[PDB]
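Residue numbers (the deposited numbering), protein chains in the order written: chain A, 46 to 552; chain B, 46 to 549; chain C, 46 to 104; chain D, 169 to 232; chain E, 169 to 232.
All residues carry an ideal CB built from backbone N, CA and C; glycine is no exception.
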Amino acid sequence: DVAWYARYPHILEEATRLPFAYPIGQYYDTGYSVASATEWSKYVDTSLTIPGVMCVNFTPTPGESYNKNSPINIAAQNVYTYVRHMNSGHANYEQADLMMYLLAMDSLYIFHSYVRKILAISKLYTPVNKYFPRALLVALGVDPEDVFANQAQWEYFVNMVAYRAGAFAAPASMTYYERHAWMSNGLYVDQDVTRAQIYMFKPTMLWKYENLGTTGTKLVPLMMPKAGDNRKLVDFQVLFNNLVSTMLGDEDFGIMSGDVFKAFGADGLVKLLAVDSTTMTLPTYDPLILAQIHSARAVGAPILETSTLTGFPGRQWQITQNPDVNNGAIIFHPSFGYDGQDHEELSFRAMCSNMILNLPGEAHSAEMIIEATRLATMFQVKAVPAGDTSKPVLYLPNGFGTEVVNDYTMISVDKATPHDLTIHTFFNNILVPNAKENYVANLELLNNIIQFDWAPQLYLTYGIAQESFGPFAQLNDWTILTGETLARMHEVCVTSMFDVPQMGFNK
Amino acid sequence: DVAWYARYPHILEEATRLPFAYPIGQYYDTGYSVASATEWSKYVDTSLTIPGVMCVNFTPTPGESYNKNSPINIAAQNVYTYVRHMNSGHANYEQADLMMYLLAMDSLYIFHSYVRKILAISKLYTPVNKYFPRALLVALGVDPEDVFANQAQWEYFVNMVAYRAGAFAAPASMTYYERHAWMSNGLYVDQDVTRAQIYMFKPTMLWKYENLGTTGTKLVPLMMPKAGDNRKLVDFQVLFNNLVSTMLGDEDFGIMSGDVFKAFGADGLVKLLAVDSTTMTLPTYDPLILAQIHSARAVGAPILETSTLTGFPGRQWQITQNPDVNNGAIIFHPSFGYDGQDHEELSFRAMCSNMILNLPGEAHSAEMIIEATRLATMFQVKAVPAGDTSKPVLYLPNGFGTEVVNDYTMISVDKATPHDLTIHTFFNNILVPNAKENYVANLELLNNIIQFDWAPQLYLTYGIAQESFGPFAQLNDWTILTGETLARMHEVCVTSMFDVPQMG
Amino acid sequence: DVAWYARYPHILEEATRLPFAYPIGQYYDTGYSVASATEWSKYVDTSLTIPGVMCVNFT
Amino acid sequence: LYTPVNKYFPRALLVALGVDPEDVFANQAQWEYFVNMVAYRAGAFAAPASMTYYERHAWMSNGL
Amino acid sequence: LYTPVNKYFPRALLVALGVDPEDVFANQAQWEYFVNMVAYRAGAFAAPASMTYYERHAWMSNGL
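In structure tokens, the structure reads:
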């Protein structure tokens with residue numbers, strides 16, 4: 046529309062001629078336009094730190110369960126009828142034992158997907174992205190040089206995990222295993238461009254099986270390494286030995302493995318595929334994963350048996366069953382809002398309003414709405430403290446999906462020299478205390494988060510004003526979602542996950 | 046993928062039936078998910094306000110001009126030897142008289158586009174955007190109820206402006222006029238959706254002609270209504286009636302207009318669009334103008350003759366032409382960084398780093414790079430103050446386009462009752478002092494700004510941290526742009542805007 | 046009957062898209078329309094329980 | 169009986185009949201043997217089908 | 169070799185051959201390359217293939 050540009054294309058061509066597409070992964074100085082502005086030292090920001098990795102730290106859940114009408118208890122009955130009665134299984138276990146076995150197999154498979162993602166990341170190098178692979182190895186909690194120096198041992202340990210897992214049987218058509226394996230074994234770009242931001246999913250903990258004999262059967266948390274840990278292969282081997290120590294000597298699990306093998310055949314079982322030296326993972330583009338990560342809503346740290354929570358004596362996360370308690374129901378009723386410290390993280394008050402679910406476009410198909418709400422978990426009531434002096438504030442949900450988000454971990458480069466990698470972990474809620482080195486740090490945090498495209502929505506609590514700000518995101522087509530609607534969607538998605546269609550019903 | 050959903054499709058159908066497409070322009074209360082949480086009053090943000098209007102407040106510039114070797118003095122020479130060699134005779138004017146006439150014609154055309162947009166906005170209605178049309182009328186500075194009550198007089202005034210300014214001749218082959226008409230006669234969505242957010246361009250000031258007789262000519266600023274001023278038709282009539290007061294029955298202006306009419310024919314003149322009580326502009330999607338908004342870069346308030354600048358005397362913005370100064374050349378070097386007071390607005394220190402040209406995709410053509418940098422203006426040095434004491438800090442650029450951005454104005458809804466329109470005026474740079482109330486207010490402004498898609502990139506300085514934080518914008522394929530590159534691009538675009546295809 | 050609904054059918058479509066057919070057998074909490082009303086504890090019935098089985102016990 | 173839209177199926181109907189619902193799920197084959205043995209033992213006796221007493225009681229008792 | 173129907177696999181068969189069953193699990197790559205290095209070093213010597221002594225011993229000591 047400017048006729049001068051077509052009459053002089055050469056002048057326009059040598060006029061612009063700009064660099065365009067700097068490799069991300071390293072610090073970039075912009076320099077000064079006013080050269081005398083070194084007298085205003087910190088008042089001129091010449092830094093440019095583009096982040097690369099946001100790791101979503103999750104816990105695998107069987108859904109919320111406090112009575113026999115839970116989807117996990119209905120699934121326990123539905124799979125026990127197929128294994129025990131429709132296929133003539135053994136009679137030395139109940140339905141809750143079979144479902145606890147089926148839940149421990151999931152933690153086994155998530156560990157396998159985790160270590161093979163560690164394997165496949167360490168072979169990713171490109172000139173356009175200097176975060177590959179080291180920042181992604183840091184976000185998973187390993188020593189990035191151990192996987193380089195001991196690559197063959199890692200590569201054979203992953204295969205040995207997959208071979209040892211063949212000692213147990215678990216149905217393949219149960220979509221719980223497929224969803225957890227697809228979720229914890231993927232690199233996801235946020236934009237589908239050349240040098241995009243990477244999303245990952247790491248387990249915060251796994252579920253460790255514990256036998257109690259007469260007084261039931263537990264699943265306790267086994268903590269996974271966090272992003273600053275620098276764990277070697279020996280640590281992951283000790284973790285895998287700790288995960289299967291209570292499972293290979295158990296005769297109940299041997300009987301249940303034989304029964305699931307007999308009921309579902311050999312081709313109807315979960316098979317962990319073997320990897321080789323040429324096995325590469327590539328970061329794909331998936332708009333459903335991004336629709337999960339946007340509106341993912343973090344619950345906080347898992348509560349442990351050794352965690353000090355004043356006013357909440359026994360409230361550790363555990364999937365329990367007892368034939369005396371709740372007439373043999375599988376019970377997972379966890380408290381949320383814990384952050385690892387014996388105080389109140391009072392930014393969790395910002396999660397006490399109704400959530401916003403915004404999606405791309407205007408279509409909003411039914412399975413798109415059921416997929417975008419998987420990691421969203423709203424609180425319903427406060428937990429009641431046991432006593433008179435309570436330091437934290439714990440919350441009870443209105444149900445949740447098969448995964449809850451514990452927190453997020455963002456890997457970026459440092460603004461100051463020597464520009465190392467920076468690890469910041471955060472909830473959806475972020476408290477900004479009244480100190481000088483909190484406001485510009487939170488602003489760096491916010492600008493690093495908005496580099497990620499379908500990021501989680503942030504809730505910023507300022508302690509100076511005693512005021513939280515609501516959903517810090519750009520909204521396109523949103524709904525205000527209440528707790529009963531999200532509870533209905535959660536019950537649907539958890540019922541679909543534990544459904545086993547290999548049972549030949551008409552249905 | 047999931048075999049259970051195909052077995053019970055009615056469950057998945059009825060469980061996920063949610064009302065989407067909430068109308069924007071309203072306050073929405075999300076409610077509580079924890080019913081007890083009313084004891085934690087401001088710690089639970091149950092509020093949701095989406096903004097609708099970001100008005101880019103611009104000033105039309107001729108480019109930077111220090112001497113006769115400037116692009117508009119070269120363009121004055123070019124258009125004067127074109128016009129003089131079709132109108133053979135005894136001309137009573139120079140190059141510079143003709144070019145200052147052609148620059149006053151632009152302020153007239155931008156004023157006509159401004160009041161025509163005021164009329165054409167007032168007929169806009171959408172049930173899903175409640176910002177139409179009162180927020181767009183508040184952002185332009187007009188009282189919205191005055192345009193609805195006095196519609197026929199507004200239409201008569203706009204048709205009379207188009208009839209009076211349309212009596213003068215200006216060449217249509219000069220793309221200066223077409224660019225200013227494309228900015229001024231335009232409603233632009235940031236995304237191609239129905240509940241999109243609106244970008245507008247409004248002149249901060251216009252250039253007012255005054256003939257200095259023997260001592261030359263001058264173009265002085267005439268300020269426009271700012272947002273929330275509730276200006277009536279009588280105020281815009283006063284603005285028009287001192288904009289064209291020196292021009293409307295004038296001898297020399299008629300001679301120059303007749304000369305331009307004989308040089309460039311009737312088909313080669315700038316046309317003015319008329320209104321007929323059905324004229325309605327619609328918000329279009331133009332990613333070329335959104336790239337300029339993304340790389341836009343505010344320079345501050347215009348300096349006037351009445352402005353108090355301690356340590357800076359005689360720094361007012363003017364397109365001056367004196368025959369005894371600079372060999373009779375058109376001179377314009379405005380001083381930037383002024384915000385309307387005497388306190389050294391030290392958010393402007395954050396504009397002393399080099400800029401980031403953010404641009405989407407992976408392939409960037411030469412026209413796209415030369416068009417996206419049009420509202421970008423980087424400071425180069427500090428202006429030297431006259432005196433030991435100096436309250437503000439001013440800056441000199443390395444050139445600028447045919448427009449500079451002075452401000453941005455955001456229109457959203459108030460979260461407190463009643464939910465009227467809130468008006469927020471800001472630069473690219475934003476100072477956050479050490480007070481309790483303005484941290485969450487700056488969060489309100491930041492989240493309001495990120496609702497707009499290709500918004501200008503922000504710089505945020507803090508009081509107690511004593512540091513600015515850099516470009517607050519989601520990046521893409523970017524590049525770091527220096528002052529000499531932007532100066533070359535500004536030279537190219539000031540040359541291309543004022544170019545006339547000549548015969549000589 | 047109403048000529049405005051035929052002019053803006055998408056507004057009427059999206060404004061009245063509600064999830065019906067709630068499964069029976071569950072407790073449902075309706076919530077509060079007045080957020081302050083938790084100070085009036087049992088005076089606000091936010092509960093909803095639909096029964097399912099009536100067994101006629103005969104001889 | 170199972171319906172995802174009625175959570176009273178089947179435990180509420182088993183509680184209303186007086187039976188422990190988990191005992192019927194755990195001991196399904198013995199329950200089926202007991203019911204088939206009741207039908208085989210009581211089916212050894214003769215009662216006239218032209219008496220509508222039996223059909224009315226079967227219509228009430230074998231009915232949801 | 170792992171299967172749900174036979175809990176002797178593989179540990180009892182590793183015990184019957186006289187190895188630590190956990191060493192072959194924890195050092196699988198080193199075992200796998202030592203076997204190949206044995207097969208490569210044995211190529212330093214020549215022995216006839218049609219002599220059925222080698223075939224019988226190899227088929228006998230490599231079978232379950």
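Option nearest residue i by Cα separation, candidates the options
i, options, result
"B/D274", "B/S78, B/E190, B/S81, B/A428", "B/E190"
"B/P463", "B/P105, B/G70, B/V98", "B/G70"
"B/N102", "B/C397, B/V203, B/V426, B/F472", "B/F472"
"B/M400", "B/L148, B/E529, B/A141", "B/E529"
"B/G299", "B/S392, B/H157, B/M150", "B/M150"
"B/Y67", "B/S78, B/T94, B/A60", "B/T94"
"A/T249", "A/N286, A/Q196, A/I155, A/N195", "A/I155"
"B/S457", "B/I334, B/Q496, B/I166, B/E536", "B/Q496"
"A/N195", "A/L164, A/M219, A/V183, A/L318", "A/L164"
"E/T171", "A/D384, A/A395, A/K307, A/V183", "A/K307"
"B/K247", "B/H339, B/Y159, B/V234, B/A136", "B/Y159"
"B/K175", "B/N112, B/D46, B/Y73, B/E536", "B/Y73"
"B/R224", "B/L526, B/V429, B/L182, B/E416", "B/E416"
"A/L318", "A/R209, A/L264, A/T262, A/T75", "A/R209"
Distance cut-off 7 Å: residue i Cβ against heavy atoms of the ligand NAP
i, result
"A/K271", "By its list of ligands, the structure shown contains no ligand whatsoever, and the ligand NAP lies outside what it can speak to."
Residue range of the alpha helix (DSSP H) that includes residue i
i, result
"A/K253", "A/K253 -> not in any alpha helix (DSSP H); beta strand (DSSP E) instead, spanning 250-256."
"C/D74", "Element bounds for C/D74: not the alpha helix (DSSP H) but the beta strand (DSSP E), 72-74."
"A/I338", "332-338"
"B/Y221", "220-229"
"A/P54", "54-61"
"A/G528", "528-542"
Host beta strand (DSSP E) of residue i (start-end)
i, result
"B/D297", "Not the beta strand (DSSP E): B/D297 falls in the alpha helix (DSSP H), residues 296-308."
"A/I456", "448-458"
"B/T126", "Per DSSP, B/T126 belongs to no beta strand (DSSP E); it is in the alpha helix (DSSP H), 116-129."
"B/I414", "First-last for B/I414: 411-417, but that is the alpha helix (DSSP H), not the beta strand (DSSP E)."
Whether residue i touches residue j by CB criterion (8 Å)
i, j, result
"B/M292", "B/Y138", "no"
"A/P216", "A/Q547", "yes"
"A/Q361", "A/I348", "yes"
"residue 25 of chain B", "C/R62", "In the structure as shown, chain B starts at 46 and stops at 549, and residue 25 of chain B therefore has no counterpart that could be examined."
"A/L335", "A/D498", "yes"
"B/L490", "B/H469", "yes"
"B/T506", "B/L391", "yes"
"A/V128", "A/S167", "no"
Q) Pairing CB atoms from the stretch 510-519 of chain B with CB atoms from the stretch 465-485 of chain A, are three or more of them under 8 Å? A) yes
Q.
Between the stretch 265-284 of chain A and the stretch 184-198 of chain A, can you find at least three pairs of beta-carbon atoms closer than 8 Å?
A. yes
Q. Does the pairing of the stretch 298-317 of chain B with the stretch 211-230 of chain B give three or more beta-carbon distances under 8 Å?
A. yes
Q | Three or more C-beta pairs below 8 Å linking the stretch 355-370 of chain A and the stretch 123-134 of chain A | A | no
Q. What residues from the stretch 62-81 of chain C come within 7 Å of chain D, judged by C-beta to C-beta, listed N to C?
A. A66, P68, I69, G70, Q71
Q: Could you run through the stretch 201-230 of chain D and flag, in chain order, every residue whose CB is less than 8 Å away from some CB of chain A?
A: none
Q: Give a yes or no on contact between the stretch 85-93 of chain A and the stretch 452-461 of chain B, applying the rule of three or more CB pairs nearer than 8 Å.
A: no
Q: Give the residues from the stretch 405-422 of chain B that approach chain A closer than 7 Å (Cβ to any Cβ), ordered along the chain.
A: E407, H409, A411, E412, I414, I415
Q) What residues in the stretch 185-198 of chain D have a beta carbon less than 7 Å from any beta carbon of chain A? A) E190, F193, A194, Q196, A197
Q | Residues, ordered as in the chain, of the stretch 105-125 of chain A that lie near chain D by beta-carbon distance below 9 Å | A | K113, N114, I119, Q122, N123, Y125
**Q.** the stretch 387-398 of chain B / the stretch 428-447 of chain B touching (three or more Cβ pairs under 8 Å)
**A.** yes
Q.
Tell me which residues of the stretch 513-547 of chain A have at least one Cβ-Cβ distance to chain D shorter than 7 Å, keeping chain order.
A. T540
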